[PDB]
Amino acid sequence: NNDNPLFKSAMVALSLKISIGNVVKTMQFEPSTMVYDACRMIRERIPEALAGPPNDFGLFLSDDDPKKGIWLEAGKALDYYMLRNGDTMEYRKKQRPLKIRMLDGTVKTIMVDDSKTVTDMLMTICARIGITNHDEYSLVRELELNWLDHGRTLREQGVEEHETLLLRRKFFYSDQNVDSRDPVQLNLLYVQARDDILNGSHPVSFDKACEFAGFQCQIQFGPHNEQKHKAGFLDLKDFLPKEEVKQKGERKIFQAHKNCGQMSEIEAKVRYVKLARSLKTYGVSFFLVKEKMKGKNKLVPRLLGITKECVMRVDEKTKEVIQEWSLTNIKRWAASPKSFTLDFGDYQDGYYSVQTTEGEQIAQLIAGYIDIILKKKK
């Protein structure tokens, strides 16, 4: 009855659904068309494609799993991306707002290039707020699960466009100085040290935790009063690390509280910070790993600590430092999604190989600290 002059064989042309907001139009493309030229063709056919300067827009191949969506490169041909008839591409603004929690706790929205890695977005953030040394910072989620691989994209790590991230200064021993003369700065150091102890990222023995809590009582309640500060008074979850919340700790806390005497709030904060910094565990990033002991088939949980100068094994119950290796004496390291391994060359016999789901975190920390020592050499 009638033939169609528009028809091209399914094999010689690509038929793609182009989406812009709620608008969707099916368009036909020669498969060798460069992404840059396909955008021009879209601008000629979809009026909502003209909603801004032409080079502000690009092509995004979406997926039902958002972690698999990808931006197309402007110099590539469409058929490089293995597209087939019926696939859906988004004509999409290349920059997008990223909400970042600033160092003063407020949230600032920052336009970033949505096709880039977390490192690239961190650099854009630091540029906007005047931070030249972006290597002193990183982005983390605020839901462990919060770590982000800065060599990968937010998207492939499950971070969608709605989520606010935290700009976080890395730990520096040089960022600290205990002076009762600056009360505001003393309080920030106190709250940082206290929160690390209470949330267990600074692992301490049960005896030490009750000592810290004794200073905490002086700070929060003033000198000990045996009428008010009696058995049952304390909400022990606010004074002891999660894993160490035990009724038998209260009597020890009150003794440490009593031993403060009439110590002032300022002086108790100084002493809290000093006690924390006096521990070998202070400032160390710890990972709970599982070790294989000779002569036991059940693996042994152990705390593995990474610092700027060494790697350290710490007993999980007593928090005693069992063993230390200097970063200088590590020959190589390896990480998989389930394990982490250290090779010490001829410094010892056998590798140190542990089960953990945070091996990549550990490896990047070691690699980071090793580069710093190198950059300080040349």
Neighbours of residue 108 by Cβ distance under 13 Å: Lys/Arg at +1, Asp/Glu at -1, summed charge +2
In the chain, taking the dipole from +1 charges on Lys and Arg beta carbons and -1 charges on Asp and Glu beta carbons about the Cα centre, the listed residue (260, 286, 321) farthest towards the positive end is 260
The alpha-carbon pair-distance distribution computed for the stretch 14-93, with 5 angstrom bins and whole-percent values, is 3, 15, 30, 29, 16, 5, 0
For residue 377, counting only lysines whose alpha-carbon sits under 28 Å away and dropping same-chain residues fewer than eight positions off, the answer is 170, 280, 308, 331
One computes Rg over Rh for the stretch 175-277 from alpha-carbon atoms, with the Kirkwood Rh, and obtains 0.95
Counting all Cα-Cα pairs in the chain, those more than 33 Å apart amount in percent to 51
Distance in nm between residue 328 and residue 370 label points, each 7 Å along Cα→Cβ, equals 1.6
Residues other than residue 141 with Cβ under 15 Å of its Cβ, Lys/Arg counted +1 and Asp/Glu -1, net out at -2
Distance in nm between residue 166 and residue 346 label points, each 7 Å along Cα→Cβ, equals 4.6
Note to self: C-alpha centroids of the stretch 94-123 and the stretch 328-373 sit apart, in Å, by 31
Between the residues 12, 100, 82, the Cα farthest towards the positive end of the dipole of the chain, that dipole coming from +1 and -1 charges on the beta-carbon of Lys, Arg, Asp and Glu, is from 100
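Here Cβ is always computed from backbone atoms with ideal geometry, including for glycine, and neighbour counts include all displayed protein chains. No value in this document is a laboratory result; all are computed from the given coordinates.
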